[PDB]
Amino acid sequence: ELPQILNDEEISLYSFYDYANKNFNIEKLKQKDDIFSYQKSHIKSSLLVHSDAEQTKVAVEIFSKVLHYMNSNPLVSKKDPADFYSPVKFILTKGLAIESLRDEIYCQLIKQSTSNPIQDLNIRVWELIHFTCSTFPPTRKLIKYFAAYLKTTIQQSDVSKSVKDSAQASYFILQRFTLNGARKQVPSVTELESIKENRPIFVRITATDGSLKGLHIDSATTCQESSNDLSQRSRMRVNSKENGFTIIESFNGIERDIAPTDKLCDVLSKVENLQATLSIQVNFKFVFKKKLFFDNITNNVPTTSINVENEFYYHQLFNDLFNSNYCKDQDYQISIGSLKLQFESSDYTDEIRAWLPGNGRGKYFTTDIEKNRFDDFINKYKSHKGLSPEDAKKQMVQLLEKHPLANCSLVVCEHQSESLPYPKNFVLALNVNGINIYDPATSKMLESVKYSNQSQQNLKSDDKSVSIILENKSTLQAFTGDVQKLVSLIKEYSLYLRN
């Protein structure tokens, strides 16, 4: 299991009493109530000392937000989750972005959960503790004291089940983030709801065959963990680094790479952010797709697993070859789509023909083909006997496997150079053989760019492009919408080949 943040034997060495006497802003905090334990009134200054006057002011506001959450009606959480969590969002946004306020926040939560007379309030503070642990840790100056506080809470008698469950889940999520590294976003409402109730976040991942897979994750769950989990659950090879699958984000059809160490919950936050930014129009999916094409089979692995992987991939490739950015050959699209129809629907009927327009779009033909070559399609379809599902499927897979773009990681690009020979719009098709420049207009490979020519620790890229070095030492500045995908593909193929 995960390494302890603090051993049981060190619990007695790290007492918050000592931390608080040495670090609290005692003079400026002078008040009626005890400064070191629960109080119902606002604090008159920050708990810790901030040289930045603005951070002192914000620390005081944070405390008001803590009080507000502690005192809020359980009914708001159901009727208006956005309102219910607003004070939480304020706290976590400040702490995540401003490292020098993190210990302040934790000290306020320790304080408000110390000698807290009312059980329901103690429960609210421990929910806050758990939200905070799920977002950022205390700094190295406080973390051992806070960890001692957690373990003491977990190990001693007292606290309701709710406080103890929150404390245990808080300690564990701190361990998970120590393992998986920092996150980048404040929890969405959906995540906070799960954290509050001490349960996993449930996410739905779409597979290439359109099927819906469920995963139970936590705040620290990475793309790599979830990609491995989905692989194992689909009975593929269990290591996504071997099978080459990852989970990507899809917003209204536009796909973006998710890095292996990136947190899926951070993607959920972005979704919520966009929903607000657009004020519905948000068609978001996670998608489980094949990213990397390694020649690493056997490794004497069950062919059964390799087979599940390959079926997911055929759906992906078929769909990509229906994408005009990758393929413009109507004859070809007709040939694969007509076989797919024979497989799924069997022999032609006038009832099928009457069903196609609109329905078959993206499934058996492209809109372009529904408009300019329907009859040509209906004709190729009629042509297939008699074809058994087995034969129909085998022929389709053959046509797919022999396409130039089969078994390549695909990236849509453009360039603006006046001294390079390629067309403005091209595809980079990356595989173990190199970085291939492909022209989707003619279905031809134009050049095979070498991984061995790229800078190993200084690959040049920006927000919109990656600069790839050609054999003659000139640079192709490939513009692409998903720069991270292109950069990571170059790095991952290079590393694989190195080993």
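Note that residue numbering begins at 1 and tracks the sequence as displayed.
Per the record, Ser279 and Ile280 are separated by a gap of 1 to 3 residues from the deposited sequence that were not modelled. The deposited model assigns a higher average Cα B-factor to 26-34 than to the other stretch when 448-456 and 26-34 are compared. Annotation for 71-79 versus 174-182: the higher mean temperature factor (C-alpha) is found in 71-79. If you compare the C-alpha temperature factors of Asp209, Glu191, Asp368, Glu242 in the entry, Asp368 comes out highest.
When the C-alpha B-factors of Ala354, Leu428, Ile205, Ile91 are read from the PDB record, the largest value belongs to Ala354.
For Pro421, the recorded CA B-factor ranks within the middle third of the chain. Only modelled residues enter the ranking. Residue-level temperature factors show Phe318 in the middle third of its chain, judged at the C-alpha atom.
Ranked by C-alpha B-factor against the other modelled residues of its chain, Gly253 falls in the highest third. Among the modelled residues of its chain, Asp375 has a C-alpha B-factor that falls in the highest third, as given in the PDB entry.
When the modelled residues of the chain are ordered by their C-alpha B factor, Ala406 lands in the middle third.
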